[PDB]
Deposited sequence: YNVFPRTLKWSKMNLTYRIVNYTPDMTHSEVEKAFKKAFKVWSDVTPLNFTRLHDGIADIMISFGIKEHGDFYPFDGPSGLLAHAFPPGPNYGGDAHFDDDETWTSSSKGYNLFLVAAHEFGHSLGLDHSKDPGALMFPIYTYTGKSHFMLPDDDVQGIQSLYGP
């Protein structure tokens, strides 16, 4: 696994996240479950915890956008870039953005929100890309009870512990 050199981790165990807006292709419930399940992945192997706030500021501000959307790191329309998150830190730190130009699902068609989101929150927590083609933090999307690969388990625990 790989981590950035920075800013490594959050000084607090219980973090907050917020879902600013939603995608057309999934119901509010579907999306909420994906994100909830995406965090559950990292929380199960770490002392971390995530609380969802309805409004105001949250450590991890989640949102769906297309093209230029407020950070000068524009999306490229369908396919190509799927989503990006920023490593731990104040403000934009932690936040995750999903290209609303892609087709988000709970299945295999288009791109599976949960899987991508699971990856993206990895970033939100301090993990960079893993060179292990079996790691959730590998730079290539690949569709797959979800068990978090070993490398990834090694990753966050080296930051936050078991």
**OP:** Quickly check which stretches of the deposited sequence aren't in the model, judged by C-alpha, and list them in order.
**Re:** 145-147
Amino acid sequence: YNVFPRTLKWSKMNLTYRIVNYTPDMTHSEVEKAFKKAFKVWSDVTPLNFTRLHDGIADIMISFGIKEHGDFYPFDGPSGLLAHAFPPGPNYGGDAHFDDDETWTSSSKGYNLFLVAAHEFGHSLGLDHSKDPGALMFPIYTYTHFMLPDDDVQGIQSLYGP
From here on, numbers count along this sequence of modelled residues.
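In this text, rigid core is short for the largest set of C-alphas that superpose within 1.5 Å between two forms.
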**OP:** With everything overlaid on the rigid core, name the stretch, 72-80 or 87-95, whose CA atoms wander farther on average in 7 other deposited structures of this protein.
**Re:** 72-80
**OP:** May I ask you to compare 127-135 and 61-69 by their mean CA B factor in the entry and name the higher one?
**Re:** 127-135
Subject >> For residue 27, the third of its chain into which the C-alpha B factor falls >> reply: middle
Original post:
Among the modelled residues of its chain, does the C-alpha B-factor of residue 50 lie in the lowest, middle or highest third?
Top reply: highest
**OP:** Using the B-factor values recorded in the entry, state whether the Cα atom of residue 21 falls in the lowest, middle or highest third among the modelled residues of its chain.
**Re:** lowest
